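Presented below is the structure to which this report refers.
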Protein chains: 2
Amino acid sequence: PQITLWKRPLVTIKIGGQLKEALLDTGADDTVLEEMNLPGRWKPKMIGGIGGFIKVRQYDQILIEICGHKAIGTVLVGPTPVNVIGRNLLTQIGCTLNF
Amino acid sequence: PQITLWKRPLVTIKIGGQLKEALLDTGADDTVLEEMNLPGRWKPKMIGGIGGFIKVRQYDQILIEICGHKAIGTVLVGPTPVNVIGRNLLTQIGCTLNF
Ligand SMILES: CCOP(=O)(COc1ccc(C[C@H](NC(=O)O[C@H]2CO[C@H]3OCC[C@H]32)[C@H](O)CN(CC(C)C)S(=O)(=O)c2ccc3c(c2)OCO3)cc1)OCC
């Protein structure tokens with residue numbers, strides 16, 4: 001679909017079998033979700049944002065459905081202010097910016 | 001144009017008579033730019049993201065040209081690690097997400 005930007009581009013995602021709300025974020029290299037339980041091994045990682053660095057759990061090769069479109073990729077779980085879908089998954093569902 | 005997301009969506013902007021590079025960022029409510037002397041009055045503000053908050057100066061009705069398209073709105077100036085064009089200006093140049 002075509003999504004305008006007068007409101008936040010929030011969409012429903014499905015991950016670990018559960019539905020959540022997330023923000024489509026072209027300024028994020030990576031996908032970062034709020035604290036949750038996910039099945040699968042994970043390794044400690046650090047990621048930096050506007051305010052500094054946070055500690056996250058890196059889950060690799062995670063299945064995630066974004067507005068019905070399937071992606072399989074890296075998901076970081078940690079103290080982010082909002083669930084963000086980054087370019088690592090936006091590219092898998094074929095997202096582009098147009099103006 | 002159409003901008004794919006394999007790499008960061010970096011574009012040239014013109015603001016305050018100077019050229020800079022900035023990210024087209026659908027996850028940013030507001031536009032945040034590196035420290036620069038803009039003439040005029042401003043108001044202090046705090047904006048937050050991953051890692052916490054930074055202190056910025058809010059300027060209103062600022063002229064920015066983005067890849068040939070003109071926009072006018074609020075610009076936040078401060079010690080940000082990256083320049084982001086947020087939704088307040090992206091809506092003005094008719095930018096949409098498409099997948
Ligand atoms: C030079 C490198 O420095 P750096 O590595 C980090 O640089 C940065 C690079 C890009 C961005 C843009 C930010 N992306 C992001 O956080 O992505 C991370 C996950 O993927 C990674 O890729 C990029 C960083 C990692 C989002 O798009 C927008 N954000 C809001 C989202 C809801 C979170 S926002 O900026 O907080 C913000 C903008 C305007 C606002 C506002 C909040 O509120 C009102 O208006 C920030 C910092 O180290 C830091 C010490």
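The chains in the structure tokens are called A, B, ... from first to last as shown; in each chain the residues are counted from 1, and the ligands are counted from 1 in the order shown.
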Pose of chain B fitted onto chain A, C-alpha LSQ, given as a PDB file with C-alpha atoms, in the first residue's frame:
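result.pdb, written as the output of this step:
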ATOM      1  CA  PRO B   1      -0.174   0.242   0.335  1.00  0.00           C
ATOM      2  CA  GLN B   2       0.813   3.916   0.355  1.00  0.00           C
ATOM      3  CA  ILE B   3       1.451   5.434   3.785  1.00  0.00           C
ATOM      4  CA  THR B   4       1.560   9.204   4.124  1.00  0.00           C
ATOM      5  CA  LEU B   5       3.630  10.759   6.887  1.00  0.00           C
ATOM      6  CA  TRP B   6       1.188  13.217   8.469  1.00  0.00           C
ATOM      7  CA  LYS B   7       1.193  10.902  11.498  1.00  0.00           C
ATOM      8  CA  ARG B   8       3.626   8.276  12.697  1.00  0.00           C
ATOM      9  CA  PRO B   9       3.748   5.292  10.240  1.00  0.00           C
ATOM     10  CA  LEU B  10       2.422   2.741  12.726  1.00  0.00           C
ATOM     11  CA  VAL B  11       1.502  -0.753  11.549  1.00  0.00           C
ATOM     12  CA  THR B  12       0.506  -4.064  13.119  1.00  0.00           C
ATOM     13  CA  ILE B  13       3.168  -6.761  13.115  1.00  0.00           C
ATOM     14  CA  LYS B  14       3.086 -10.431  14.058  1.00  0.00           C
ATOM     15  CA  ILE B  15       6.190 -11.798  15.801  1.00  0.00           C
ATOM     16  CA  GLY B  16       6.720 -14.810  18.038  1.00  0.00           C
ATOM     17  CA  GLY B  17       3.033 -15.606  17.688  1.00  0.00           C
ATOM     18  CA  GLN B  18       1.931 -12.230  19.070  1.00  0.00           C
ATOM     19  CA  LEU B  19       0.586  -9.003  17.582  1.00  0.00           C
ATOM     20  CA  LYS B  20       2.331  -5.688  18.227  1.00  0.00           C
ATOM     21  CA  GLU B  21       2.431  -2.168  16.790  1.00  0.00           C
ATOM     22  CA  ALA B  22       5.632  -0.792  15.269  1.00  0.00           C
ATOM     23  CA  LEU B  23       6.949   2.122  13.230  1.00  0.00           C
ATOM     24  CA  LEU B  24       8.108   1.721   9.643  1.00  0.00           C
ATOM     25  CA  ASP B  25      11.434   3.526  10.134  1.00  0.00           C
ATOM     26  CA  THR B  26      13.750   4.302   7.228  1.00  0.00           C
ATOM     27  CA  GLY B  27      16.231   5.856   9.664  1.00  0.00           C
ATOM     28  CA  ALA B  28      16.743   2.564  11.524  1.00  0.00           C
ATOM     29  CA  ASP B  29      19.435   0.241  10.184  1.00  0.00           C
ATOM     30  CA  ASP B  30      18.091  -2.563  12.399  1.00  0.00           C
ATOM     31  CA  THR B  31      14.748  -3.654  13.843  1.00  0.00           C
ATOM     32  CA  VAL B  32      14.273  -2.943  17.558  1.00  0.00           C
ATOM     33  CA  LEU B  33      11.350  -4.232  19.607  1.00  0.00           C
ATOM     34  CA  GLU B  34      10.047  -3.945  23.147  1.00  0.00           C
ATOM     35  CA  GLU B  35      11.070  -6.468  25.783  1.00  0.00           C
ATOM     36  CA  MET B  36       9.652  -9.884  24.954  1.00  0.00           C
ATOM     37  CA  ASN B  37      10.611 -13.504  25.577  1.00  0.00           C
ATOM     38  CA  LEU B  38      11.701 -14.953  22.274  1.00  0.00           C
ATOM     39  CA  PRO B  39      12.827 -18.598  22.374  1.00  0.00           C
ATOM     40  CA  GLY B  40      16.306 -19.430  21.159  1.00  0.00           C
ATOM     41  CA  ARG B  41      19.829 -18.172  21.609  1.00  0.00           C
ATOM     42  CA  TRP B  42      20.785 -14.507  21.433  1.00  0.00           C
ATOM     43  CA  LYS B  43      23.842 -12.239  21.577  1.00  0.00           C
ATOM     44  CA  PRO B  44      24.245  -8.990  23.554  1.00  0.00           C
ATOM     45  CA  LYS B  45      24.481  -5.766  21.578  1.00  0.00           C
ATOM     46  CA  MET B  46      24.453  -1.992  22.075  1.00  0.00           C
ATOM     47  CA  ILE B  47      22.660   0.369  19.682  1.00  0.00           C
ATOM     48  CA  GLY B  48      22.816   4.129  19.750  1.00  0.00           C
ATOM     49  CA  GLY B  49      20.851   7.145  18.668  1.00  0.00           C
ATOM     50  CA  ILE B  50      19.729  10.505  19.978  1.00  0.00           C
ATOM     51  CA  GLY B  51      20.402  10.526  23.719  1.00  0.00           C
ATOM     52  CA  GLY B  52      22.893   7.645  23.742  1.00  0.00           C
ATOM     53  CA  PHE B  53      22.864   3.857  23.770  1.00  0.00           C
ATOM     54  CA  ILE B  54      20.643   1.058  25.028  1.00  0.00           C
ATOM     55  CA  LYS B  55      21.453  -2.586  25.692  1.00  0.00           C
ATOM     56  CA  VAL B  56      19.557  -5.136  23.585  1.00  0.00           C
ATOM     57  CA  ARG B  57      19.458  -8.856  22.827  1.00  0.00           C
ATOM     58  CA  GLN B  58      20.121  -9.839  19.210  1.00  0.00           C
ATOM     59  CA  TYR B  59      18.059 -12.723  17.797  1.00  0.00           C
ATOM     60  CA  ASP B  60      18.713 -14.039  14.287  1.00  0.00           C
ATOM     61  CA  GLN B  61      16.382 -15.454  11.621  1.00  0.00           C
ATOM     62  CA  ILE B  62      13.189 -14.257  13.309  1.00  0.00           C
ATOM     63  CA  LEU B  63       9.863 -14.398  11.448  1.00  0.00           C
ATOM     64  CA  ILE B  64       7.885 -11.132  11.343  1.00  0.00           C
ATOM     65  CA  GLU B  65       4.734 -10.459   9.319  1.00  0.00           C
ATOM     66  CA  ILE B  66       4.128  -6.797   8.471  1.00  0.00           C
ATOM     67  CA  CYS B  67       0.671  -5.870   7.148  1.00  0.00           C
ATOM     68  CA  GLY B  68       0.418  -9.212   5.379  1.00  0.00           C
ATOM     69  CA  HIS B  69       4.018  -9.302   4.116  1.00  0.00           C
ATOM     70  CA  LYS B  70       6.480 -11.797   5.583  1.00  0.00           C
ATOM     71  CA  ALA B  71      10.119 -11.076   6.422  1.00  0.00           C
ATOM     72  CA  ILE B  72      12.895 -13.023   8.156  1.00  0.00           C
ATOM     73  CA  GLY B  73      15.948 -11.485   9.772  1.00  0.00           C
ATOM     74  CA  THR B  74      17.646 -10.124  12.848  1.00  0.00           C
ATOM     75  CA  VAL B  75      15.486  -8.590  15.587  1.00  0.00           C
ATOM     76  CA  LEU B  76      16.897  -6.667  18.547  1.00  0.00           C
ATOM     77  CA  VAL B  77      14.922  -6.880  21.803  1.00  0.00           C
ATOM     78  CA  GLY B  78      15.322  -4.483  24.710  1.00  0.00           C
ATOM     79  CA  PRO B  79      14.015  -1.522  26.725  1.00  0.00           C
ATOM     80  CA  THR B  80      13.336   0.609  23.676  1.00  0.00           C
ATOM     81  CA  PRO B  81      10.830   3.484  24.014  1.00  0.00           C
ATOM     82  CA  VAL B  82       9.272   2.538  20.658  1.00  0.00           C
ATOM     83  CA  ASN B  83       9.112  -0.457  18.350  1.00  0.00           C
ATOM     84  CA  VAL B  84      10.776   0.207  15.000  1.00  0.00           C
ATOM     85  CA  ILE B  85      10.934  -1.892  11.853  1.00  0.00           C
ATOM     86  CA  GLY B  86      14.329  -1.089  10.328  1.00  0.00           C
ATOM     87  CA  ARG B  87      15.773  -1.363   6.842  1.00  0.00           C
ATOM     88  CA  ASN B  88      16.947  -4.969   7.299  1.00  0.00           C
ATOM     89  CA  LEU B  89      13.259  -5.985   7.179  1.00  0.00           C
ATOM     90  CA  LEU B  90      11.751  -3.100   5.163  1.00  0.00           C
ATOM     91  CA  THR B  91      13.845  -4.089   2.136  1.00  0.00           C
ATOM     92  CA  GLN B  92      12.310  -7.570   2.357  1.00  0.00           C
ATOM     93  CA  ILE B  93       8.728  -6.319   2.021  1.00  0.00           C
ATOM     94  CA  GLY B  94       9.658  -4.076  -0.911  1.00  0.00           C
ATOM     95  CA  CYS B  95       9.253  -0.771   0.925  1.00  0.00           C
ATOM     96  CA  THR B  96      10.438   2.395  -0.826  1.00  0.00           C
ATOM     97  CA  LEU B  97      10.428   6.134  -0.167  1.00  0.00           C
ATOM     98  CA  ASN B  98       8.739   8.163  -2.904  1.00  0.00           C
ATOM     99  CA  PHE B  99       8.546  11.911  -3.479  1.00  0.00           C
TER     100      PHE B  99
END
Original post:
Can you list every residue in stretch 9-77 of chain A that DSSP puts in strand (DSSP E), as a ChimeraX atom specification?
Top reply: /A:10-15,18-24,32-33,43-49,52-66,69-77
**OP:** Could you find all residues in chain B that DSSP calls helix (DSSP H, G or I) from the backbone, and write them as number ranges by chain?
**Re:** B: 87-90
For the selection you just gave me, I'd like the residues written to a file as an mmCIF file, in the first residue's frame, keeping N, CA, C and O atoms.
data_model
loop_
_atom_site.group_PDB
_atom_site.id
_atom_site.type_symbol
_atom_site.label_atom_id
_atom_site.label_comp_id
_atom_site.auth_asym_id
_atom_site.auth_seq_id
_atom_site.Cartn_x
_atom_site.Cartn_y
_atom_site.Cartn_z
ATOM 1 N N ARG B 87 8.722 13.906 9.841
ATOM 2 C CA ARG B 87 7.442 13.896 9.143
ATOM 3 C C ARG B 87 6.886 15.303 8.943
ATOM 4 O O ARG B 87 6.230 15.565 7.926
ATOM 5 N N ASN B 88 7.144 16.218 9.882
ATOM 6 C CA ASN B 88 6.609 17.573 9.755
ATOM 7 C C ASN B 88 7.005 18.217 8.429
ATOM 8 O O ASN B 88 6.240 19.014 7.875
ATOM 9 N N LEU B 89 8.175 17.864 7.888
ATOM 10 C CA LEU B 89 8.603 18.356 6.583
ATOM 11 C C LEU B 89 8.386 17.348 5.454
ATOM 12 O O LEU B 89 8.096 17.756 4.323
ATOM 13 N N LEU B 90 8.500 16.044 5.728
ATOM 14 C CA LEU B 90 8.314 15.046 4.679
ATOM 15 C C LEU B 90 6.910 15.107 4.087
ATOM 16 O O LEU B 90 6.730 14.889 2.882
#
